[PDB]
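Next comes just one chain, in structure tokens: the form deposited in one PDB entry.
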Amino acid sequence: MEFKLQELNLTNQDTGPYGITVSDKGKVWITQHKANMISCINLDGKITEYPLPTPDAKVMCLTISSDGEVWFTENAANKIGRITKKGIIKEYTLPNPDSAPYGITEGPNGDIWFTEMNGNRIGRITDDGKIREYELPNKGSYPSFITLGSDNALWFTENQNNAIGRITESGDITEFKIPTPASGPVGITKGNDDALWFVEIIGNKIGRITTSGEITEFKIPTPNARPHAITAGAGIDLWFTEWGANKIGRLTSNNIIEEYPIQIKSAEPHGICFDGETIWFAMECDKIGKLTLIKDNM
């Protein structure tokens, strides 16, 4: 699989596209941290803007819930946002000041779970807007990305505790120290192999952790790649952003890592998602990238 890369333009330039996800019907949703908005791109390529109600909110991550609503984090404004199916945005303020919400995902029973990077907590909010939080055991852990595991627990990275965290719906928190010292785990996601796969921004590795906590690691070919986010592709593929190297990485068959250069000065790729055919990513340079592999012959 060699490839095709297309860039798409958002409604404005320099909007700071950052998080990205795709609905089951193929609509791409993005956060734009400089423009302070969320955008949806339909299949026909038409863009709908959702400007945040709160100015200077530093919108970071987003997720689409089972009921089709879009939930997101406002990192600077200390808020969780929600876009209803009616297009209406509702914001909920976190109880403790300067909690710095960051990663967000749906839990096993439908609540929305998130990390509070500076607050040093995991939060959970119900459909009715009730917020509940779990303090992490060690100060200054900087919990970052979060995802739902195959074991129905939430798995997250602790960027400054060099650990992968697991929290269950009942509040059991377990931490698994990473073997590479001070490795700076950032993105995490569920692999199709039912393990969790993460990136080490400093360790410069892709990590794999089983639901029982067994870790293996794979060195990224490009030095100082500063990998950020990761997502499952088809089968055992994991696709990741090399924010520092301006590349898209792919861990594939036999754990070979392939790298695809993005052909754009200071691209700074951040979020990444896969819609089944196309790998979509957000670049700080202000465009959305679409990467597609060409099938093999004979």
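Numbering starts at 1 and follows the sequence shown.
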Selected stretch [higher average CA B-factor]: 112-120 or 78-86: 78-86
Higher mean Cα B-factor in the deposited model: 237-245 or 255-263? 255-263
Residue 158 CA temperature factor, ranked by third within the chain: lowest
Ranking the modelled residues of this chain by C-alpha B-factor as given in the entry, is residue 133 in the lowest, middle or highest third? lowest
Going by the CA temperature factor in the PDB record, which third of the chain does residue 55 belong to: lowest, middle or highest? lowest
CA B-factor ranking of residue 143, expressed as a third of its chain: lowest
Considering only modelled residues of the same chain, in which third does the CA B-factor of residue 221 rank: lowest, middle or highest? highest
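Form deposited with a partner chain bound: not shown, discussed below.
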Its partner chain isn't shown here, but in the entry with it bound, which of 205-213, 76-84, 91-99, 220-228 has heavy atoms within 4.5 Å of it? 220-228
With the cut-off set at 4.5 Å between non-hydrogen atoms, does residue 58 touch its partner chain in the entry with it bound? yes
I'd like to know whether residue 196 contacts its partner chain in the entry with it bound, with contact meaning heavy atoms within 4.5 angstroms. no
Using the partner position in the entry with it bound, report whether residue 281 sits within 4.5 Å of its partner chain, counting heavy atoms only. no
Is there a non-hydrogen atom of residue 260 within 4.5 angstroms of a non-hydrogen atom of its partner chain in the entry with it bound? no
I need to confirm a contact call. Of 117, 167, 164, 136, which residue comes within 4.5 Å of its partner chain in the entry with it bound, counting heavy atoms only? 117
Among the candidate residues 186, 104, 178, 154, which is the single one with a non-hydrogen atom no more than 4.5 Å from its partner chain in the entry with it bound? 186
